[PDB]
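Just below is one structure, and these are the notes that go with it.
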Amino acid sequence: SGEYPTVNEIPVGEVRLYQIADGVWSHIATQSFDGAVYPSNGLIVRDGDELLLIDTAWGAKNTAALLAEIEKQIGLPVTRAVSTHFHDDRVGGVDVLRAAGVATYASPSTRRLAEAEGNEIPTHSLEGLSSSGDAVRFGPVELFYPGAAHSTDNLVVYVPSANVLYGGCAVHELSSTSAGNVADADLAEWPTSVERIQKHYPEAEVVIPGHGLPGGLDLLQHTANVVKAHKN
Ligand SMILES: COc1ncc(-c2c(C(=O)O)[nH]c3c([C@H](C)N4C[C@]5(C[C@@H](CN)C5)OC4=O)cccc23)cc1O
Ligand SMILES: [Zn+2]
Ligand SMILES: [Zn+2]
């Protein structure tokens, strides 16, 4: 009824939307992995009379439910999607999107890693993001490659009209103890990558993590702290 939804409030298979700013929503879904249930976020950004989707809802059935929730709550078509790294919480559901007419995009690095791991593969490659600090425009957002962090390919997304920074899984929520699932992470480079984000987006007003509650710019410093301490 208004606060940001949490893992035990969303059955696996349902999707919630949360209005972040004018023309900006997050999507929240839950999924089982290795016998535990986790929430995860993505983003929806209005692009005129169309929508840009950032990240799937972590699976085919969740992503079908996402599209249905968008139709119910917003009623504009999703025409493009960007996946911010290669893991299933970001690309799982790309096949559903592709068959619903959505053009799916990711960096070449994400596409190669997704293919090598057996995850679903976005159709279109996003050039211009291969060096840390690179930024490109994509409809109503800026895509930024901060360097290796949670994964080597992780992208972040800024919505300049609303000063919304979507950090994806390179950014942790404030209740995060612990650096999340670090299987593919670069703990040594992660603080440097976060510092690049902090330098590039000093006017961010909302910061959305890949999992958990949005907050302000403090999420970035918190993430650096938790990664440094996990390493320690
Ligand atoms: C305590 O809180 C939290 N705990 C954990 C997470 C969390 C994150 C995140 O840290 O982004 N990702 C998760 C994934 C994704 C799909 N996977 C799986 C994978 C293992 C590799 C294959 N061997 C690929 O690497 C990866 O990230 C699954 C399950 C949980 C998470 C988030 C939390 O908030
Ligand atoms: Zn991940
Ligand atoms: Zn994640």
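Letters for chains follow the order of the structure tokens (A, B, ...), residue numbers begin at 1 for each chain, and ligand numbers begin at 1 in the order shown.
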
Which chains and residue numbers are within 9 Å of ligand 3, counting only C-alpha atoms and all ligand atoms, if I want them as JSON, numbers by chain?
-> {"A": [40, 41, 85, 87, 88, 89, 90, 150, 168, 169, 170, 180, 181, 209, 210, 211]}

Alpha helix (DSSP H) positions in segment 50-221 of chain A, given as a PyMOL selection string | chain A and resi 60-73+88-91+94-99+108-117+190-200+218-221

Atoms to include: C-alpha atoms. Write the selected residues as a short mmCIF file (atom, residue, chain, number, x, y, z; two decimals), in the first residue's frame.
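This is the output file result.cif:
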data_model
loop_
_atom_site.label_atom_id
_atom_site.label_comp_id
_atom_site.auth_asym_id
_atom_site.auth_seq_id
_atom_site.Cartn_x
_atom_site.Cartn_y
_atom_site.Cartn_z
CA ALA A 60 10.39 -16.09 -18.30
CA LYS A 61 7.20 -16.26 -16.23
CA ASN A 62 8.16 -13.25 -14.12
CA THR A 63 8.92 -11.25 -17.26
CA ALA A 64 5.56 -12.19 -18.84
CA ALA A 65 3.97 -10.99 -15.59
CA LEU A 66 6.00 -7.78 -15.82
CA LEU A 67 4.64 -7.04 -19.29
CA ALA A 68 1.10 -7.67 -18.03
CA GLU A 69 1.62 -5.39 -15.04
CA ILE A 70 2.96 -2.64 -17.29
CA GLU A 71 -0.10 -2.95 -19.53
CA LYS A 72 -2.40 -2.69 -16.52
CA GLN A 73 -0.66 0.13 -14.66
CA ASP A 88 19.67 -14.39 -15.05
CA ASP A 89 18.16 -11.56 -12.93
CA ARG A 90 19.02 -9.24 -15.84
CA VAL A 91 18.62 -11.35 -19.01
CA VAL A 94 14.86 -11.82 -22.85
CA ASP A 95 13.30 -14.54 -25.00
CA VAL A 96 9.86 -13.56 -23.70
CA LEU A 97 10.60 -9.91 -24.48
CA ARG A 98 11.92 -10.72 -27.96
CA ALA A 99 8.76 -12.69 -28.79
CA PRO A 108 29.04 -6.95 -26.41
CA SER A 109 30.68 -8.05 -23.17
CA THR A 110 27.33 -8.93 -21.63
CA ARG A 111 26.26 -10.77 -24.76
CA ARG A 112 29.46 -12.85 -24.84
CA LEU A 113 29.21 -13.72 -21.13
CA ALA A 114 25.52 -14.59 -21.41
CA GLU A 115 26.20 -16.89 -24.36
CA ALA A 116 29.15 -18.57 -22.65
CA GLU A 117 27.17 -19.23 -19.46
CA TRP A 190 34.65 -2.44 -7.22
CA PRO A 191 35.43 0.56 -4.94
CA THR A 192 37.18 2.31 -7.83
CA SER A 193 34.19 1.66 -10.07
CA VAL A 194 31.83 3.07 -7.43
CA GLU A 195 34.07 6.14 -7.13
CA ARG A 196 33.64 6.66 -10.90
CA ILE A 197 29.88 6.55 -10.43
CA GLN A 198 30.08 9.06 -7.55
CA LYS A 199 32.18 11.43 -9.66
CA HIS A 200 30.01 11.18 -12.75
CA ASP A 218 24.64 7.24 0.44
CA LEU A 219 24.00 3.89 -1.24
CA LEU A 220 27.18 4.44 -3.24
CA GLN A 221 29.46 5.00 -0.27
#

For segment 130-132 of chain A: contacts at 7 Å, only C-alpha atoms, fewer than 2 positions along chain excluded, given as an mmCIF file with N, CA, C and O atoms, in the first residue's frame:
data_model
loop_
_atom_site.group_PDB
_atom_site.id
_atom_site.type_symbol
_atom_site.label_atom_id
_atom_site.label_comp_id
_atom_site.auth_asym_id
_atom_site.auth_seq_id
_atom_site.Cartn_x
_atom_site.Cartn_y
_atom_site.Cartn_z
ATOM 1 N N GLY A 128 30.385 1.405 -27.692
ATOM 2 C CA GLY A 128 30.700 2.655 -27.050
ATOM 3 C C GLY A 128 30.786 2.614 -25.553
ATOM 4 O O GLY A 128 30.818 3.680 -24.930
ATOM 5 N N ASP A 134 33.030 5.256 -19.892
ATOM 6 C CA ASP A 134 32.271 5.474 -21.117
ATOM 7 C C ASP A 134 30.797 5.677 -20.816
ATOM 8 O O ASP A 134 30.229 5.056 -19.900
ATOM 9 N N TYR A 145 29.386 2.774 -18.194
ATOM 10 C CA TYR A 145 30.178 1.639 -17.767
ATOM 11 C C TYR A 145 31.176 2.097 -16.722
ATOM 12 O O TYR A 145 32.112 2.821 -17.059
ATOM 13 N N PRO A 146 30.996 1.740 -15.450
ATOM 14 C CA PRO A 146 31.883 2.297 -14.412
ATOM 15 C C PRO A 146 33.168 1.515 -14.235
ATOM 16 O O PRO A 146 34.028 1.970 -13.465
ATOM 17 N N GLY A 147 33.328 0.377 -14.879
ATOM 18 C CA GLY A 147 34.370 -0.576 -14.559
ATOM 19 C C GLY A 147 33.802 -1.796 -13.851
ATOM 20 O O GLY A 147 32.630 -1.856 -13.495
#

Could you write out, as an MDAnalysis selection string, all the residues of chain A that DSSP marks as strand (DSSP E)?
-> chainID A and resid 15:21 24:33 36:47 50:54 78:82 103:106 124:125 135:138 141:144 156:159 164:168 206:209

Would you please work out which residue, of A:171, A:217, A:7, A:81, is nearest to ligand 2 when using only C-alpha atoms and all ligand atoms?
->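 Looking at the shortest contact to ligand 2, the residue is A:171.
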
Pick the closest to ligand 2 from A:78, A:106, A:182, A:159: which is it, counting only C-alpha atoms and all ligand atoms?
->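 Checking each of A:78, A:106, A:182, A:159 against ligand 2, counting only C-alpha atoms and all ligand atoms, the winner is A:182.
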